Amino acid sequence: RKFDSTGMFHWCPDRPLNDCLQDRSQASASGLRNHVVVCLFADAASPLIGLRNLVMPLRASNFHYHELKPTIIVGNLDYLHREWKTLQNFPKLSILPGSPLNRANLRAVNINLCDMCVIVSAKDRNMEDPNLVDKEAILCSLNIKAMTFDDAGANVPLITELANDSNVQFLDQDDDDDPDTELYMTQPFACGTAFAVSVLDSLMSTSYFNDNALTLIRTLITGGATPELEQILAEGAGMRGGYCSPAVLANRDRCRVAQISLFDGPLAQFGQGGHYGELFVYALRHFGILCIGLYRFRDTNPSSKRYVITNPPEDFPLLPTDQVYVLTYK
Amino acid sequence: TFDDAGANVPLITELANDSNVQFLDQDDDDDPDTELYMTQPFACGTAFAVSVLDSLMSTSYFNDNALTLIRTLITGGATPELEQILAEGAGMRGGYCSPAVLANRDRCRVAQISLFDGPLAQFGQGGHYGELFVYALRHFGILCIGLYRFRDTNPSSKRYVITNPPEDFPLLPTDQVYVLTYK
Amino acid sequence: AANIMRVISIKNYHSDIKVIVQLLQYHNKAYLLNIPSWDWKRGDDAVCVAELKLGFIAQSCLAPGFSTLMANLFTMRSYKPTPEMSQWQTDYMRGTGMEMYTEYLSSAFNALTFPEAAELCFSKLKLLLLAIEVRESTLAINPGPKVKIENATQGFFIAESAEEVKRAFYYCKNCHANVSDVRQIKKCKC
Ligand SMILES: [Ca+2]
Ligand SMILES: [Ca+2]
Ligand SMILES: [Ca+2]
């Protein structure tokens with residue numbers, strides 16, 4: 001396998017977009033499963049969102065090549081040519097041209113078999129009134145939930161970027177919506193189905209009060225980008241890579257965030273009526289697995305939705321259906 | 001002119017502003033304050049505008065079933081199934097079809113027929129609309145819903161609509177009748 | 001896009017409210033058909049202005065003037081002559097006073113064929129019967145002798161007012177409506 005010059009990401013030599021371009025026939029002929037679908041809304045002239053930053057963490061050299069999730073971008077082809085210059089060095093990446101609102105595109109890309117659908121708008125985020133600004137993101141989300149694959153609908157996992165945080169109320173049903181709750185309290189955000197820029201602006205004050213802690217987030221969130229990699233890109237030559245030395249390949253053995261289930265395997269004994277404190281100590285001792293929180297079903301009985309629980313108390317009761325967020329080294 | 005007929009050719013005009021209907025024809029005796037539906041070009045069926053449709057809000061509320069009656073007719077028989085197949089984004093799927101679905105070809109349509117000649121001409125020759133209605137329904141299953149009558153009787157080609165005339169309404173041999181029909 | 005967002009908002013607040021929406025473009029109707037809680041079987045309904053407009057116009061290509069007949073039939077108007085009105089305008093305007101209505105057919109229609117029920121409504125009641133909702137249920141327009149009127153059949157009518165159409169619901173047993181001076185039809189059928 002090949003990597004970038006700092007050995008942090010998997011890499012390809014430069015290639016033209018039509019090597020990665022697919023028709024609906026080609027996309028549906030491909031065995032797409034456990035993939036990431038990027039539903040991209042863009043005009044050909046609209047500003048670059050930098051899909052490099054979405055794809056690059058999914059290509060961290062932390063992973064084996066066989067466990068890299070393949071990625072398909074569904075969107076405007078003239079826009080994608082413009083970004084392609086930055087994307088062309090990543091493996092297991094393809095493009096289906098045309099609107100993400102079209103159901104034949106979503107079925108051709110096996111939307112029901114993906115591990116994540118990412119709904120993002122590159123359009124200006126300022127057009128018309130504050131209701132219209134999220135029209136495609138809301139309609140795409142609702143359109144995906146309304147489909148059936150009986151030939152599963154709301155069982156497919158979505159993450160939606162919102163231009164106006166107030167539009168979060170339209171993303172789901174039986175939320176009991178209020179206009180005056182902050183975004184972070186709303187059910188779609190608590191479930192991890194929604195995101196917005198407004199949750200990030202405290203990174204000004206955290207960057208001031210502890211610089212080191214901002215590097216902690218980024219090592220994780222970028223999948224391991226570095227000042228060296230940022231400088232190599234700022235040199236304007238594009239992402240240089242190739243075969244690499246055993247000395248730089250040592251950077252593959254680094255920590256990553258993972259999510260694991262208490263339903264089965266050695267930790268299932270804790271899902272069967274144990275407590276979070278027991279699980280934490282056991283997983284740290286036996287595996288070096290450091291637990292940081294829970295992802296729990298909202299309702300217990302019929303919906304698929306789950307919610308985050310950052311760092312529970314030690315006497316917090318577990319369920320066999322719980323999943324736990326973990327820092328992990330292999 | 002086509003002498004190698006002019007105003008004899010049938011037109012339907014979509015109007016963006018209903019007030020412009022007055023420019024469509026001559027000797028209309030135009031007024032700015034008559035509603036579109038009273039104007040001669042609309043009464044003849046030469047003009048149309050969106051402003052005649054907006055009462056379909058209140059009819060959709062007061063009888064949903066009656067909006068499906070209009071649409072079955074006006075779309076030529078589109079259905080929720082066809083609307084869903086198009087909303088699936090694949091385009092209008094088709095091919096050869098089964099005898100079971102081909103049964104939908106035997107359905108009612110609106111047609112227009114003349115009292116000048118054929119079996120119904122006996123009513124155009126000085127009969128009454130009530131006689132015509134009962135006869136056509138009994139002998140043919142043809143259900144008459146109104147008349148399309150020449151505006152002037154003598155020299156112009158224009159005709160006007162008469163929705164559901166009275167039973168004692170006198171017919172003319174030049175009349176045409178709107179009919180619901182099954183073949 | 002604004003009107004679709006309004007339906008999305010209304011149905012996010014409560015899914016089961018009947019929403020009737022006016023749309024200007026037919027391709028935008030696909031977006032609200034894909035809303036998770038939109039259902040035509042509850043009577044959620046998109047009145048598409050472009051779909052209707054062009055379908056009324058297409059109907060005049062098949063039967064000239066039918067756009068005017070059918071468009072007049074779907075707004076409430078009442079006749080009202082004037083002395084300045086020419087006789088062709090009085091005929092036209094008398095026709096514009098009629099619009100589409102729905103009523104239950106009385107028990108006296110039960111087990112007639114549709115053609116017999118239409119003859120009866122017209123020749124006696126002065127009412128033009130177009131169609132019936134056949135029991136799930138389906139709308140049948142001018143159906144042949146092969147269909148009977150059931151008990152409690154909804155019929156579709158052309159008449160000058162709803163209070164005129166109510167003759168088809170009040171319509172007596174034949175014993176109580178032989179005289180046919182139609183204003184005399186009233187609820188005292190038995
Ligand atoms: Ca909601
Ligand atoms: Ca004029
Ligand atoms: Ca009326």
# chains A, B, ... in the order shown; residues from 1 in each chain; ligands from 1
>>> residues_around(residues="residue 176 (chain A)", least_positions_apart="6", cutoff="9 Å", atoms="only C-alpha atoms", output="number ranges by chain")
A: 169, 187; C: 13
>>> write_last_selection(atoms="N, CA and C atoms", output="mmCIF file, in the first residue's frame")
data_model
loop_
_atom_site.group_PDB
_atom_site.id
_atom_site.type_symbol
_atom_site.label_atom_id
_atom_site.label_comp_id
_atom_site.auth_asym_id
_atom_site.auth_seq_id
_atom_site.Cartn_x
_atom_site.Cartn_y
_atom_site.Cartn_z
ATOM 1 N N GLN A 169 -35.776 21.665 14.017
ATOM 2 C CA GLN A 169 -37.110 21.201 14.376
ATOM 3 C C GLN A 169 -37.823 20.457 13.245
ATOM 4 N N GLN A 187 -33.742 17.087 20.132
ATOM 5 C CA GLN A 187 -33.612 15.653 19.901
ATOM 6 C C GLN A 187 -32.724 15.291 18.705
ATOM 7 N N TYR C 13 -45.580 19.749 13.174
ATOM 8 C CA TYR C 13 -46.328 20.077 14.379
ATOM 9 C C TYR C 13 -47.391 19.030 14.716
#
>>> residues_around(residues="residue 45 (chain B)", least_positions_apart="2", cutoff="10 Å", atoms="only C-alpha atoms", output="ChimeraX atom specification")
/B:10-13,37,40-43,47-48,148,158-161 /C:57,60,64-69
>>> residues_near_ligand(ligand="ligand 3", cutoff="6 Å", atoms="only C-alpha atoms and all ligand atoms", output="NGL selection string")
:C and (76-78 or 97-99 or 160-161)
>>> residues_near_ligand(ligand="ligand 1", cutoff="7 Å", atoms="only C-alpha atoms and all ligand atoms", output="ChimeraX atom specification")
/A:169-177 /C:12-13
>>> write_last_selection(atoms="N, CA, C and O atoms", output="PDB file, in the first residue's frame")
ATOM      1  N   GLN A 169     -35.776  21.665  14.017  1.00  0.00           N
ATOM      2  CA  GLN A 169     -37.110  21.201  14.376  1.00  0.00           C
ATOM      3  C   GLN A 169     -37.823  20.457  13.245  1.00  0.00           C
ATOM      4  O   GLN A 169     -38.672  19.613  13.505  1.00  0.00           O
ATOM      5  N   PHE A 170     -37.490  20.714  11.982  1.00  0.00           N
ATOM      6  CA  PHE A 170     -38.128  20.045  10.852  1.00  0.00           C
ATOM      7  C   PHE A 170     -37.547  18.668  10.552  1.00  0.00           C
ATOM      8  O   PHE A 170     -38.128  17.934   9.760  1.00  0.00           O
ATOM      9  N   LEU A 171     -36.426  18.284  11.167  1.00  0.00           N
ATOM     10  CA  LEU A 171     -35.734  17.050  10.807  1.00  0.00           C
ATOM     11  C   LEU A 171     -36.428  15.772  11.265  1.00  0.00           C
ATOM     12  O   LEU A 171     -36.209  14.737  10.640  1.00  0.00           O
ATOM     13  N   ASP A 172     -37.241  15.789  12.318  1.00  0.00           N
ATOM     14  CA  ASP A 172     -37.906  14.582  12.812  1.00  0.00           C
ATOM     15  C   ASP A 172     -39.266  14.827  13.488  1.00  0.00           C
ATOM     16  O   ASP A 172     -39.639  15.954  13.826  1.00  0.00           O
ATOM     17  N   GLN A 173     -40.036  13.753  13.641  1.00  0.00           N
ATOM     18  CA  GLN A 173     -41.426  13.730  14.093  1.00  0.00           C
ATOM     19  C   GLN A 173     -41.523  13.217  15.536  1.00  0.00           C
ATOM     20  O   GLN A 173     -40.744  12.370  15.963  1.00  0.00           O
ATOM     21  N   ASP A 174     -42.475  13.734  16.306  1.00  0.00           N
ATOM     22  CA  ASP A 174     -42.569  13.508  17.756  1.00  0.00           C
ATOM     23  C   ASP A 174     -41.323  13.974  18.542  1.00  0.00           C
ATOM     24  O   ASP A 174     -40.981  13.425  19.585  1.00  0.00           O
ATOM     25  N   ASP A 175     -40.648  15.021  18.061  1.00  0.00           N
ATOM     26  CA  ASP A 175     -39.601  15.734  18.804  1.00  0.00           C
ATOM     27  C   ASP A 175     -40.160  16.620  19.931  1.00  0.00           C
ATOM     28  O   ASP A 175     -39.409  16.981  20.835  1.00  0.00           O
ATOM     29  N   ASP A 176     -41.439  17.010  19.875  1.00  0.00           N
ATOM     30  CA  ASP A 176     -42.033  18.073  20.707  1.00  0.00           C
ATOM     31  C   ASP A 176     -41.226  19.376  20.601  1.00  0.00           C
ATOM     32  O   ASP A 176     -40.564  19.823  21.533  1.00  0.00           O
ATOM     33  N   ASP A 177     -41.239  19.961  19.409  1.00  0.00           N
ATOM     34  CA  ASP A 177     -40.411  21.109  19.039  1.00  0.00           C
ATOM     35  C   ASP A 177     -40.751  22.388  19.817  1.00  0.00           C
ATOM     36  O   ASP A 177     -41.923  22.706  20.013  1.00  0.00           O
TER      37      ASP A 177
ATOM     38  N   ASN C  12     -44.998  18.606  10.669  1.00  0.00           N
ATOM     39  CA  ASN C  12     -44.065  18.411  11.779  1.00  0.00           C
ATOM     40  C   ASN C  12     -44.749  18.712  13.114  1.00  0.00           C
ATOM     41  O   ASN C  12     -44.556  17.980  14.077  1.00  0.00           O
ATOM     42  N   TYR C  13     -45.580  19.749  13.174  1.00  0.00           N
ATOM     43  CA  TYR C  13     -46.328  20.077  14.379  1.00  0.00           C
ATOM     44  C   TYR C  13     -47.391  19.030  14.716  1.00  0.00           C
ATOM     45  O   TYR C  13     -47.499  18.606  15.864  1.00  0.00           O
TER      46      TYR C  13
END
>>> residues_around(residues="region 20-22 of chain C", least_positions_apart="4", cutoff="9 Å", atoms="only C-alpha atoms", output="count of residues only")
14
>>> interface_residues(of="chain A", to="chain B", cutoff="7 Å", atoms="only C-alpha atoms", output="PyMOL selection string")
chain A and resi 102-104
>>> write_last_selection(atoms="N, CA and C atoms", output="PDB file, in the first residue's frame")
ATOM      1  N   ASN A 102     -33.181  12.860  -6.246  1.00  0.00           N
ATOM      2  CA  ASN A 102     -33.683  11.853  -7.164  1.00  0.00           C
ATOM      3  C   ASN A 102     -33.590  10.447  -6.550  1.00  0.00           C
ATOM      4  N   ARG A 103     -34.718   9.755  -6.369  1.00  0.00           N
ATOM      5  CA  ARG A 103     -34.731   8.419  -5.757  1.00  0.00           C
ATOM      6  C   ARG A 103     -33.981   7.372  -6.560  1.00  0.00           C
ATOM      7  N   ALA A 104     -33.933   7.451  -7.884  1.00  0.00           N
ATOM      8  CA  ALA A 104     -33.145   6.507  -8.664  1.00  0.00           C
ATOM      9  C   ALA A 104     -31.647   6.626  -8.363  1.00  0.00           C
TER      10      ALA A 104
END
>>> closest_residue(among="C:31, C:101, C:79, C:156", to="chain A", atoms="only C-alpha atoms")
C:31
>>> atom_distance(atom1="CA of residue 214 (chain A)", atom2="CA of residue 199 (chain A)")
14.8 Å
>>> residues_near_ligand(ligand="ligand 2", cutoff="7 Å", atoms="only C-alpha atoms and all ligand atoms", output="list in words")
residues 22, 23, 24, 25, 26, 27, 28, 29 and 30 of chain B
>>> interface_residues(of="chain C", to="chain B", cutoff="6 Å", atoms="only C-alpha atoms", output="PyMOL selection string")
chain C and resi 30+55-56+63+65+68+75+92+95
>>> write_last_selection(atoms="N, CA and C atoms", output="short mmCIF file (atom, residue, chain, number, x, y, z; two decimals), in the first residue's frame")
data_model
loop_
_atom_site.label_atom_id
_atom_site.label_comp_id
_atom_site.auth_asym_id
_atom_site.auth_seq_id
_atom_site.Cartn_x
_atom_site.Cartn_y
_atom_site.Cartn_z
N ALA C 30 -43.75 16.29 -6.61
CA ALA C 30 -42.98 15.14 -6.17
C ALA C 30 -42.39 15.33 -4.77
N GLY C 55 -54.39 20.60 -18.37
CA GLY C 55 -55.37 19.54 -18.57
C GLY C 55 -56.75 20.06 -18.97
N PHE C 56 -57.20 21.20 -18.45
CA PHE C 56 -58.39 21.88 -18.96
C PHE C 56 -58.19 22.31 -20.41
N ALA C 63 -62.58 18.40 -27.19
CA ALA C 63 -63.95 18.87 -27.21
C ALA C 63 -63.96 20.40 -27.08
N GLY C 65 -64.23 24.22 -26.44
CA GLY C 65 -65.01 24.93 -25.43
C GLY C 65 -65.16 24.21 -24.09
N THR C 68 -64.21 25.94 -20.72
CA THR C 68 -65.17 26.89 -20.17
C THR C 68 -66.28 26.19 -19.43
N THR C 75 -66.75 26.93 -9.65
CA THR C 75 -66.86 28.06 -8.73
C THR C 75 -68.30 28.45 -8.50
N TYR C 92 -75.93 31.70 -21.70
CA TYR C 92 -74.61 31.46 -21.14
C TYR C 92 -74.62 31.68 -19.63
N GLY C 95 -76.34 29.07 -17.57
CA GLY C 95 -75.40 27.96 -17.44
C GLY C 95 -74.30 28.20 -16.41
#
>>> interface_residues(of="chain A", to="chain C", cutoff="7 Å", atoms="only C-alpha atoms", output="PDB file with C-alpha atoms, in the first residue's frame")
ATOM      1  CA  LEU A 132     -35.692  28.503   2.689  1.00  0.00           C
ATOM      2  CA  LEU A 142     -37.342  13.517   4.692  1.00  0.00           C
ATOM      3  CA  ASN A 143     -37.162  11.921   1.206  1.00  0.00           C
ATOM      4  CA  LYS A 145     -36.756   8.501   5.525  1.00  0.00           C
ATOM      5  CA  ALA A 146     -39.875   8.144   3.327  1.00  0.00           C
ATOM      6  CA  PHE A 170     -38.128  20.045  10.852  1.00  0.00           C
ATOM      7  CA  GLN A 173     -41.426  13.730  14.093  1.00  0.00           C
TER       8      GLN A 173
END
>>> closest_residue(among="A:254, A:35, A:85, A:306", to="residue 51 (chain A)", atoms="only C-alpha atoms")
A:85
>>> atom_distance(atom1="CA of residue 32 (chain B)", atom2="CA of residue 74 (chain C)")
23.7 Å
>>> select_by_dssp(residues="region 185-263 of chain A", states="strand (DSSP E or B)", output="number ranges by chain")
A: 194-196, 241-242, 256-261
>>> select_by_dssp(residues="region 27-112 of chain B", states="alpha helix (DSSP H)", output="VMD selection string")
chain B and resid 40 to 43 56 to 62 64 to 74 80 to 87 99 to 102
>>> write_last_selection(atoms="C-alpha atoms", output="PDB file, in the first residue's frame")
ATOM      1  CA  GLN B  40     -67.046  36.793 -24.879  1.00  0.00           C
ATOM      2  CA  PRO B  41     -63.616  35.109 -25.459  1.00  0.00           C
ATOM      3  CA  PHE B  42     -63.991  33.050 -22.264  1.00  0.00           C
ATOM      4  CA  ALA B  43     -67.685  32.241 -22.931  1.00  0.00           C
ATOM      5  CA  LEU B  56     -60.521  24.587  -6.341  1.00  0.00           C
ATOM      6  CA  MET B  57     -59.149  25.309  -2.837  1.00  0.00           C
ATOM      7  CA  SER B  58     -62.692  25.600  -1.445  1.00  0.00           C
ATOM      8  CA  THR B  59     -64.062  22.708  -3.577  1.00  0.00           C
ATOM      9  CA  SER B  60     -61.145  20.470  -2.454  1.00  0.00           C
ATOM     10  CA  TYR B  61     -62.159  21.268   1.144  1.00  0.00           C
ATOM     11  CA  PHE B  62     -65.961  20.916   0.779  1.00  0.00           C
ATOM     12  CA  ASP B  64     -62.554  15.906  -1.907  1.00  0.00           C
ATOM     13  CA  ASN B  65     -64.313  13.240  -4.019  1.00  0.00           C
ATOM     14  CA  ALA B  66     -65.481  15.923  -6.503  1.00  0.00           C
ATOM     15  CA  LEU B  67     -61.879  17.097  -7.081  1.00  0.00           C
ATOM     16  CA  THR B  68     -61.001  13.475  -8.054  1.00  0.00           C
ATOM     17  CA  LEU B  69     -63.970  13.566 -10.485  1.00  0.00           C
ATOM     18  CA  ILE B  70     -62.548  16.591 -12.223  1.00  0.00           C
ATOM     19  CA  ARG B  71     -59.081  15.195 -12.383  1.00  0.00           C
ATOM     20  CA  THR B  72     -59.979  11.803 -13.683  1.00  0.00           C
ATOM     21  CA  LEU B  73     -61.509  13.692 -16.573  1.00  0.00           C
ATOM     22  CA  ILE B  74     -59.011  16.574 -16.980  1.00  0.00           C
ATOM     23  CA  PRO B  80     -52.012   8.110  -7.291  1.00  0.00           C
ATOM     24  CA  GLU B  81     -50.083   5.061  -8.613  1.00  0.00           C
ATOM     25  CA  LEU B  82     -48.893   6.999 -11.702  1.00  0.00           C
ATOM     26  CA  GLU B  83     -48.064  10.069  -9.559  1.00  0.00           C
ATOM     27  CA  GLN B  84     -45.979   7.824  -7.249  1.00  0.00           C
ATOM     28  CA  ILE B  85     -44.181   6.096 -10.198  1.00  0.00           C
ATOM     29  CA  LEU B  86     -43.180   9.567 -11.502  1.00  0.00           C
ATOM     30  CA  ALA B  87     -42.168  10.720  -7.972  1.00  0.00           C
ATOM     31  CA  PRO B  99     -55.416  -8.008 -20.211  1.00  0.00           C
ATOM     32  CA  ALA B 100     -56.112  -7.262 -16.505  1.00  0.00           C
ATOM     33  CA  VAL B 101     -54.648  -3.694 -16.652  1.00  0.00           C
ATOM     34  CA  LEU B 102     -55.905  -3.133 -20.259  1.00  0.00           C
TER      35      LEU B 102
END
>>> atom_distance(atom1="CA of residue 131 (chain C)", atom2="CA of residue 114 (chain C)")
8.4 Å
>>> residues_around(residues="region 180-188 of chain C", least_positions_apart="6", cutoff="9 Å", atoms="only C-alpha atoms", output="list in words")
residues 124, 125, 126, 164, 166, 167, 169, 170, 171 and 172 of chain C
>>> write_last_selection(atoms="C-alpha atoms", output="PDB file, in the first residue's frame")
ATOM      1  CA  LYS C 124     -88.429  14.275 -12.498  1.00  0.00           C
ATOM      2  CA  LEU C 125     -86.069  16.125 -10.136  1.00  0.00           C
ATOM      3  CA  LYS C 126     -84.539  18.531 -12.786  1.00  0.00           C
ATOM      4  CA  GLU C 164     -81.659  22.197  -5.064  1.00  0.00           C
ATOM      5  CA  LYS C 166     -81.183  17.906  -1.713  1.00  0.00           C
ATOM      6  CA  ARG C 167     -84.286  16.831  -3.724  1.00  0.00           C
ATOM      7  CA  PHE C 169     -81.892  12.849  -0.876  1.00  0.00           C
ATOM      8  CA  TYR C 170     -85.452  13.804   0.150  1.00  0.00           C
ATOM      9  CA  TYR C 171     -86.925  12.165  -3.001  1.00  0.00           C
ATOM     10  CA  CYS C 172     -90.046  10.401  -1.845  1.00  0.00           C
TER      11      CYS C 172
END
>>> residues_around(residues="residue 183 (chain A)", least_positions_apart="2", cutoff="10 Å", atoms="only C-alpha atoms", output="list in words")
residues 164, 165, 166, 167, 168, 169, 179, 180, 181, 185, 186, 187, 188, 189, 190, 194, 195, 196, 198 and 199 of chain A
>>> residues_around(residues="residue 91 (chain A)", least_positions_apart="6", cutoff="8 Å", atoms="only C-alpha atoms", output="JSON, numbers by chain")
{"A": [10, 11, 12, 59]}
>>> decode(residues="region 173-231 of chain A", atoms="C-alpha atoms", output="compact mmCIF listing (two decimals), in the first residue's frame")
# COMPACT_ATOMS: atom_id res chain seq x y z
CA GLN A 173 -41.43 13.73 14.09
CA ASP A 174 -42.57 13.51 17.76
CA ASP A 175 -39.60 15.73 18.80
CA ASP A 176 -42.03 18.07 20.71
CA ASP A 177 -40.41 21.11 19.04
CA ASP A 178 -39.85 24.55 20.67
CA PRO A 179 -38.35 27.65 18.90
CA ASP A 180 -36.39 28.77 22.03
CA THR A 181 -34.43 25.60 23.03
CA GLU A 182 -30.72 25.88 22.12
CA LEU A 183 -29.61 23.49 19.31
CA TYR A 184 -27.72 21.16 21.68
CA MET A 185 -30.93 20.34 23.66
CA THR A 186 -32.96 19.36 20.55
CA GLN A 187 -33.61 15.65 19.90
CA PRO A 188 -31.94 15.56 16.42
CA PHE A 189 -28.69 16.98 17.85
CA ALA A 190 -28.82 14.76 20.98
CA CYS A 191 -29.10 11.73 18.65
CA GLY A 192 -26.22 12.90 16.37
CA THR A 193 -28.52 13.23 13.31
CA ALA A 194 -27.88 17.00 12.99
CA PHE A 195 -24.89 19.34 13.12
CA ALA A 196 -24.36 23.10 12.72
CA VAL A 197 -21.45 25.59 12.85
CA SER A 198 -22.98 27.29 15.93
CA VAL A 199 -21.76 24.47 18.25
CA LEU A 200 -18.09 25.14 17.28
CA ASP A 201 -17.61 28.86 18.05
CA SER A 202 -16.53 28.21 21.69
CA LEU A 203 -13.33 26.79 20.12
CA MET A 204 -12.12 30.42 20.19
CA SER A 205 -12.21 30.44 24.01
CA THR A 206 -10.89 26.84 24.33
CA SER A 207 -8.00 27.66 21.93
CA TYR A 208 -7.15 30.58 24.25
CA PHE A 209 -7.54 28.79 27.62
CA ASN A 210 -5.74 25.54 26.60
CA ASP A 211 -3.97 25.38 23.20
CA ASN A 212 -2.89 21.77 23.90
CA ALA A 213 -6.56 20.69 24.20
CA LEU A 214 -7.35 22.06 20.71
CA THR A 215 -4.53 19.82 19.34
CA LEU A 216 -6.17 16.88 21.19
CA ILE A 217 -9.43 17.47 19.39
CA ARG A 218 -7.80 17.87 16.04
CA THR A 219 -5.59 14.86 16.21
CA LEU A 220 -8.81 12.94 16.65
CA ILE A 221 -11.16 14.89 14.34
CA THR A 222 -8.71 15.10 11.37
CA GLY A 223 -7.66 11.45 11.81
CA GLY A 224 -4.08 12.69 12.51
CA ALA A 225 -3.23 15.73 10.34
CA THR A 226 -0.06 17.58 11.49
CA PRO A 227 1.76 20.94 11.02
CA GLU A 228 4.06 19.07 8.58
CA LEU A 229 1.09 17.96 6.42
CA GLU A 230 -0.46 21.46 6.62
CA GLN A 231 2.87 22.94 5.43
